[PDB]
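Let me begin by presenting the structure, written as structure tokens, before commenting on it.
Along the sequence shown, residues are numbered consecutively beginning with 1. Numbering of ligands and ligand atoms starts at 1, following listing order. For the numbers below, each heavy atom of this structure counts, side chains included, while hydrogens, waters and symmetry mates do not.
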Amino acid sequence: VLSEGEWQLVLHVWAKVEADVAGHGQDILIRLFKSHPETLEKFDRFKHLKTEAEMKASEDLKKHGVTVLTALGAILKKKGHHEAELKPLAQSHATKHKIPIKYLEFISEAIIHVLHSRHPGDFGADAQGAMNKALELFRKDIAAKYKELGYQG
Ligand SMILES: C=CC1=C(C)/C(=C/c2[nH]c(/C=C3N=C(/C=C4\NC(=O)C(C)=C4C=C)C(C)=C\3CCC(=O)O)c(CCC(=O)O)c2C)NC1=O
């Protein structure tokens, strides 16, 4: 469970994310795709990208980074009271995109990595711990819905 203070550490770094949503999204997705190349196979509009220059230049990759973070910011601002936001997301991720829980872990690691690289002044152990707990909660609740829907991924 996060304290209210921990939720505010999460929202304070998220306000900095929102000052450059596209830049943070490209950094997060490039980190993920280079760390875990198979994850890129899920994107038919841009699965052929190979170099960092091609990734940075892609409009589809930039737009998907913004989609991810628009949705994740909305979830985080609910401070855990997020079933409404999670419901449509678990729905597409279990029945259409088929995104394994291990992939949700991989992008959570990428988010933490980029936030820490871009905001070391204040993304310290407490804020990193709070973000870790909020993403763990996110993954916990998506997984519970996956299993309700019968997706074992
Ligand atoms: C905090 C993480 C995270 C969030 C909140 C997120 C949101 C998110 N992913 C989306 C699409 C999608 N999401 C994925 C893939 C993924 N989705 C994943 O969670 C992971 C790890 C992958 C990839 C390995 C794909 C393939 C689409 C469709 C992209 C498209 O057709 O344009 C959409 C569009 C609407 C929908 O299909 O439901 C949203 C809002 N994606 C995320 O990554």
Problem set entry | Partner residues of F123 under the ring pair (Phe, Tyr, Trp, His ring centres under 6.0 Å) criterion, sequence neighbours left out | none

Exercise. Is there a path from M55 to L29 through hydrophobic residues (I, L, V, M, F, W, Y) whose side chains come within less than 4.5 Å of each other?
Worked result: yes

Exercise. Is any side-chain N of the basic residue among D60 and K47 closer than 4.0 Å to the acidic one's carboxylate O?
Worked result: no

Problem set entry | Polar side-chain atom of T39 near backbone of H36 as donor-acceptor pair, under 3.5 Å | yes

Problem set entry | By ring pair (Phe, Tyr, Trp, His ring centres under 6.0 Å) - contacts of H82 (at least two apart) | none

Exercise. Using a threshold of 4.0 angstrom between heavy atoms of the protein and any atom of ligand 1, which residues qualify?
Worked result: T39, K42, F43, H64, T67, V68, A71, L72, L89, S92, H93, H97, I99, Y103, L104, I107, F138

Show me the donor-acceptor pairs within less than 3.5 Å that the side chains of residues 142-153 make with the rest of the protein, sequence neighbours left out.
from	atom 1	to	atom 2	distance (Å)
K145	NZ	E83	O	2.8
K145	NZ	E83	OE2	3.3
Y146	OH	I99	O	2.7
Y151	OH	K98	O	3.2
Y151	OH	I99	N	3.3

